[PDB]
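Chemist: this one's sequence-less:
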């Protein structure tokens, strides 16, 4: 009916892993590219959480640039992943901790093991960590709390903004809450960009107010940081549920971009 | 071409049957007409 | 081919709509923990938008602002409006004269009565609709929903909203033609934006696609129910496409 | 500026957003001092 | 003669025939023309005569 | 048949009024 | 100085049209029908060139 990409497993399959996959028939899969080949090294957010230097902004940008897919079936060592198409009504699964209400706008984020770790079928240095499939404004607010952790986290040396980060620290939504990781170099460069915007906003337009190569250097170092910080905001919501299956295992949705 | 003889000094044109290159103008004409999905359903599903 | 979804609507929110189908319905996880998950009429957010003048605002508040002034407008009027809290999903199908109102709201397509006999128009009320129109239109005018505040006192002062209908599809040209007539809002918006040194406000406006409609059969009109008349605008073959919440300032 | 005379590059290759995209996620030969 | 010869043969014959037939047209009209021109040269005008 | 139709129609069924 | 004012003026006019018998020849095609699909109705453009 649709485009369908196959996964071959290098691993000798565990029957318990096949049983967990047959539980997760309705799941959603992070994939780099819609070449019809997929290896286990390619499949999964294993390919995101492998460089422990790296952090949440590049996690989100990798999940933007990499293909969002729906689990369909498993056939021995091969895995059938039907790539969704904008406008059709698909059964997907809630792997994230956040519960789902009907009609809700549904949005991909990478999962965070800060207090809410949830492993998977992992064997031989590869996990199938599925992205948190989380509401839209909640996803934006997760990223806003992350960037303010990376901003306010330098002033841990003072009790006041130490208490402000510990006061932030926490994102609470409907009936399902989660903690949030501390950043004390992705989020560091993100807030380098934010701090250049913040510094130069009081520095570059003051003689433009009175009318409305140095300036090109300054506004270049402004605007490329502006582009790199804007690119990680627009959440590109993947799904939009028509009805939620009760006990929040699954939800029939329509797929967006 | 019909030409005509003479005996004066004017040369009548040697070119019998002058070539003409004409072409076919094309113009498509389109009419839209609508049928409601209600009308299609009263053709298709067709109750008691 | 259209996707519809049965929704819990309170039987004290099923009105209007139930008299004459066609409304927008927004959802929201609001502040009181016992009734947090609520779906919302377009006439019900009209009594939150300031652009509806206070007579018409309290007219539909006399229709069902009993529920509004129960808890809900104390969460929307009283507890200050965010564009985050409300999300548009489309136009109602399945009138549902049942025990508990289960209204099957559409997602994308032309909102229809089943059996293809009646097409559901979108009833956009008058004061939230008209004033951001562009030019004279031909067959595929697009609907955008825009919430636009104006900074007065309480770091935001007053909430207000619009339903802009325009042929202009593009995001940045659409926000520039908003910036044409919203010079006043960005005056006092700049004023309390430079008032907040450490405290904050939250910006001006938020745009999103809602769909398109037949727009040459577009006309205004009126409904009437309990608490009287209500002058509205009737958008006939309203295709639904809820776009992204795109903010401007 | 004398290195850039002798450094080959007349001016600095400016920061591409493509280069920032690898700053956030890290024919031709290359050399090894010994 | 896979009828390519037939069409080229008819083409050469029709070229000859069309030349001779336009010649017959040109010859008869030239007789008309120069008889008319002689009649004009030998016809004095109306007010003179 | 195709060849004789090249001589018949694609020369012209009437040798007068035109000649293909 | 002096001025020239120019102005065109528009005149609704019934314009006749005379030709010869079978002046220009028309060859038209058997028409094709495309089915544009909407959720509320189906539009059929017949198109004959």
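Modeler: Arrived safely, thanks for sending. Numbering: from 1, shown residues only, chains lettered A, B, ... in the order given.

Chemist: Please identify the residues of chain G in proximity to chain B?
Modeler: G:27, G:39, G:40, G:41, G:42, G:43, G:44, G:45, G:46, G:47, G:48, G:49 (CB under 8 Å from any CB of the partner chain). (Each C-beta comes from the backbone N, C-alpha and C, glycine too.)

Chemist: if I look at the second one, how far off is residue C:112?
Modeler: Residue G:39 sits 7 Å away from residue C:112, taking CB to CB, to the nearest Å as the criterion.

Chemist: Which one's more surrounded, those two?
Modeler: Set residue G:39 next to residue C:112 and count neighbours by other CB atoms under 10 Å in any protein chain shown: residue C:112 wins out with 21 against 18.

Chemist: Next, count neighbours for residue 18.
Modeler: With no chain named, the answer covers chain A. Count around residue A:18 with other CB under 10 Å applied: 15.

Chemist: not quite, I wanted chain F
Modeler: Neighbours of residue F:18 (other CB under 10 Å): 8.

Chemist: Equivalent analysis for residue C:25, please.
Modeler: For residue C:25, the tally of surrounding residues (other CB under 10 Å) stands at 25.

Chemist: Could you give the separation of the helix or strand hosting it from the chain centroid?
Modeler: Element membership for residue C:25, per DSSP states H and E: strand C:24-29. Chain-centre distance of strand C:24-29: 10 Å, with CA atoms, centre = their mean, to the nearest Å.

Chemist: How about stretch A:54-62?
Modeler: 7 Å.

Chemist: Then stretch C:115-123?
Modeler: 19 Å.

Chemist: do the same with stretch E:8-25
Modeler: 13 Å.

Chemist: same check, this time on stretch A:109-119
Modeler: Centre to centre, stretch against its chain (CA atoms, centre = their mean), the figure for stretch A:109-119 is 11 Å.

Chemist: Does the helix or strand just after the strand holding residue C:25 reach chain A?
Modeler: Using DSSP H and E, the next helix or strand after strand C:24-29 towards the C-terminus is strand C:37-41. Yes. Strand C:37-41 reaches chain A (CB under 8 Å from any CB) through C:37, C:39.

Chemist: Flag every residue of chain F that's near chain E.
Modeler: F:3, F:4, F:6, F:7, F:11, F:15, F:19.

Chemist: out of the residues of chain G next to chain B, who's nearest chain E?
Modeler: residue G:27 (24.7 Å; CB to the nearest CB).

Chemist: Quickly note the distance from the spatially closest residue to the closest one that is not a sequence neighbour to chain F.
Modeler: Closest residue in space to residue G:27, ignoring its immediate chain neighbours: residue B:24 at 7.6 Å, by CB to CB, 6 or more residues apart in numbering or on different chains. Residue B:24 sits 16 Å away from chain F when distances are taken as CB to the nearest CB, to the nearest Å.

Chemist: ok, now residue C:153?
Modeler: With CB to the nearest CB as the criterion, residue C:153 and chain F are 90 Å apart.

Chemist: quick check, that residue in a strand?
Modeler: No. According to DSSP: H, G, I helix; E, B strand; the rest coil, residue C:153 belongs to no strand; its state is coil.

Chemist: Would you map the strands across the chain?
Modeler: Since no chain was named, I'll use chain A. A:3-7, A:28-31, A:67-75, A:78-83, A:89-93, A:105-109, A:132-135, A:170-173, A:176-179, A:239-244, A:250-255 (DSSP state E).

Chemist: my bad, the chain I had in mind was chain C
Modeler: Going by DSSP E, chain C shows strands at C:3-8, C:24-29, C:37-41, C:87-93, C:102-110, C:122-125, C:142-148, C:161-166, C:205-212, C:219-225, C:228-235, C:239-240, C:246-248.

Chemist: Pipe those into TSV and attach distance to residue D:18 per row.
Modeler: Formatted as TSV, the strands of chain C follow (distance: least, CB to CB, whole Å):
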stretch	distance to residue D:18
strand C:3-8	39
strand C:24-29	40
strand C:37-41	44
strand C:87-93	35
strand C:102-110	36
strand C:122-125	44
strand C:142-148	34
strand C:161-166	36
strand C:205-212	30
strand C:219-225	52
strand C:228-235	45
strand C:239-240	38
strand C:246-248	26
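
Chemist: Of all those, which one is nearest residue A:66?
Modeler: strand C:246-248 (24.0 Å; CB to CB).

Chemist: So for stretch E:5-24, what gets flagged as buried?
Modeler: residue E:10 (16 or more other CB atoms under 10 Å in any protein chain shown).

Chemist: burial of the residue nearest to residue G:27, as a residue count?
Modeler: Residue B:24, neighbours per other CB under 10 Å, totals 8.

Chemist: Can you tell me the SS state at it?
Modeler: Under three-state DSSP, residue B:24 falls in the coil class.

Chemist: Quick check: the gap between the nearest residue to residue A:82 once chain neighbours are set aside and chain D.
Modeler: Once flanking residues are discounted, residue A:82 sits nearest to residue A:72: 4.3 Å by CB to CB, 6+ apart. Shown here: residue A:72 relative to chain D, a distance of 30 Å by CB to the nearest CB.

Chemist: how much space between residue A:72 and residue A:18?
Modeler: Taking CB to CB, one finds residue A:72 at 15 Å from residue A:18.

Chemist: before we move on, what about residue C:183?
Modeler: 64 Å.

Chemist: With residue A:101 instead?
Modeler: Relative to residue A:18, and taking CB to CB, residue A:101 is found at 32 Å.

Chemist: I figured residue A:74 hits residue A:22, correct?
Modeler: Yes. Using CB atoms under 8 Å, residue A:74 makes contact with residue A:22 at a distance of 6.3 Å.

Chemist: For the two, work out which one has more neighbours and name it.
Modeler: Comparing residue A:74 with residue A:22 by other CB under 10 Å, the one with more neighbours is residue A:74, at 20 against 10.

Chemist: ok, back up a step: please, a ChimeraX command that selects the buried ones among the residues of chain G next to chain B?
Modeler: ChimeraX command restricting the residues of chain G next to chain B to the buried ones, with burial defined by 16+ other CB under 10 Å:
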select /G:39,40,41,42
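
Chemist: which two in the residues of chain G next to chain B are spaced the farthest apart?
Modeler: Longest span within these, CB to CB: G:27 and G:39, 38.8 Å.

Chemist: Spit out the contact partners of residue A:11.
Modeler: A:40, A:77, A:123, A:124 (CB atoms under 8 Å, 6 or more residues apart in numbering or on different chains).

Chemist: swap that for residue G:18, please
Modeler: Residue G:18 neighbours (CB under 8 Å, 6+ apart): none.

Chemist: still on that earlier bit, need the strands of chain A in a markdown table with distance to residue C:208, can you?
Modeler: As requested, these are exported to a markdown table (distance: least, CB to CB, whole Å):
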| stretch | distance to residue C:208 |
| --- | --- |
| strand A:3-7 | 29 |
| strand A:28-31 | 25 |
| strand A:67-75 | 22 |
| strand A:78-83 | 27 |
| strand A:89-93 | 22 |
| strand A:105-109 | 11 |
| strand A:132-135 | 16 |
| strand A:170-173 | 22 |
| strand A:176-179 | 26 |
| strand A:239-244 | 13 |
| strand A:250-255 | 17 |
